[PDB]
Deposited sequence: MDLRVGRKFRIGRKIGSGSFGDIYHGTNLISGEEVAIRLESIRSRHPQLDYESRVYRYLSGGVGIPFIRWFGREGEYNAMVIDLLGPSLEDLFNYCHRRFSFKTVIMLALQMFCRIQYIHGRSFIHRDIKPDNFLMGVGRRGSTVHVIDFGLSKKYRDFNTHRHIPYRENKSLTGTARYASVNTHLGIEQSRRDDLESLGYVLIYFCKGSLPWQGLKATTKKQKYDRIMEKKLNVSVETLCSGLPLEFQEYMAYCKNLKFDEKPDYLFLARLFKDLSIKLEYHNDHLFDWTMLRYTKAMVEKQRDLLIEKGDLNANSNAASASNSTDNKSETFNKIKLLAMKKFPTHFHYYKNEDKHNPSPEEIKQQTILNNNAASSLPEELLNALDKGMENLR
């Protein structure tokens, strides 16, 4: 039903859909007019302005279908959180770095297009269905705002006392303080996600509360009490360096994107990694083609170079060479 793709299995408000014209697969969402505070049309406009860039979902059609407005995107495979779960909530350093690299360029592009995503969670990073199944795409711009005016490139004025949006686990510290969000906050959230991929957990998730605000404040307290080098407890120098730079950015200040890109790329070169686009889930699926704790042990012995991990008890800054000894182990 609908115009003019047919919606099917629920993957709501997101449903699996079929292009009747071609047979192409379609991810289609419809909002619920008029409650509560629907914004789908605005998001569709954001997509339209952002189109042309890599890792940007393509809106086939947006309009009003029957009662509800509908947005239509081509299918984009699993999120990085679903792949996170598929790899037992832990990524190898090669995957994390490669994900961080593409994520950098995607987020850079958005900032180049004068916007900021302001959500940045693994749930909002989807891979793709086919040939573009190696690329990383970005979704949900419902909270996105343009930070600089388009022609004049003038930054939006400084504001405070506002609420936080939207997920506290990956939220910036400044956002908890009710500070207007700049580019720096997108990058800080990104850093939180990278640690989330390395360790598999964050110090503030899994807390106790009686109300949303009390929940946010408790996460806020934990984030303030945790040092930068403490949360990068078993991670290389570049991981601390990234978070240090991002938290020390002015509101108006634009990030030196190439510096953070080189930061992770040089770390990759130190570790003798490559942009093979061979991720953890890729090689895990391949070995499984021939619980899953067995498969993981097998895949490591097959590709000893690729799989390097984080040890949960370590309070340490593992040298590139130290980590490269996990290769000779497997």
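**Student:** Identify which parts of the deposited sequence carry no C-alpha coordinates, going from the N-terminal end onward.
**Tutor:** Missing CA coords at 1-4, 16-20, 300-331, 372-394.
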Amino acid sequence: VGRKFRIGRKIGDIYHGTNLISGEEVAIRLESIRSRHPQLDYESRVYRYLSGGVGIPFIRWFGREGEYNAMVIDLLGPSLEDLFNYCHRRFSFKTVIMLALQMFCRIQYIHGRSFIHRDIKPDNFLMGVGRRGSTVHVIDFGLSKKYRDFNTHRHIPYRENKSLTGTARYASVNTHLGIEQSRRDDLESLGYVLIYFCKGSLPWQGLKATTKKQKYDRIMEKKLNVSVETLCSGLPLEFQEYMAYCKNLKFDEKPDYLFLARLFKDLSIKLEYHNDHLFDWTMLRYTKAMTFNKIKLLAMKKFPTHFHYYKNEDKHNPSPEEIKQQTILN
From here on, numbers count along this sequence of modelled residues.
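**Student:** Of 221-229 and 203-211, which one has the bigger average CA B-factor?
**Tutor:** It is 203-211.
**Student:** In the PDB record, does 162-170 or 240-248 carry the higher mean Cα temperature factor?
**Tutor:** Higher mean C-alpha B-factor in the PDB entry: 162-170.
**Student:** Kindly indicate the residue among 264, 281, 49, 292 with the greatest C-alpha B-factor in the PDB record.
**Tutor:** Answer, based on the entry's C-alpha B-factors: 292.
**Student:** Is the Cα B-factor recorded for residue 108 in the lowest, middle or highest third of its chain?
**Tutor:** CA B-factor rank for residue 108: lowest third.
**Student:** Where does the C-alpha B-factor of residue 177 rank in its chain, lowest, middle or highest third?
**Tutor:** CA B-factor rank for residue 177: highest third.
**Student:** Residue 79's Cα B-factor: lowest, middle or highest third of the chain?
**Tutor:** Lowest third, going by the recorded CA B-factors of the chain.
**Student:** Grab the CA temperature factor for residue 125 from the record and place it in the lowest, middle or highest third of its chain.
**Tutor:** Lowest third of the chain for residue 125's C-alpha B-factor.
**Student:** Which third of the chain does residue 89 land in by C-alpha B-factor: lowest, middle or highest?
**Tutor:** Residue 89: CA B-factor falls in the middle third of its chain.
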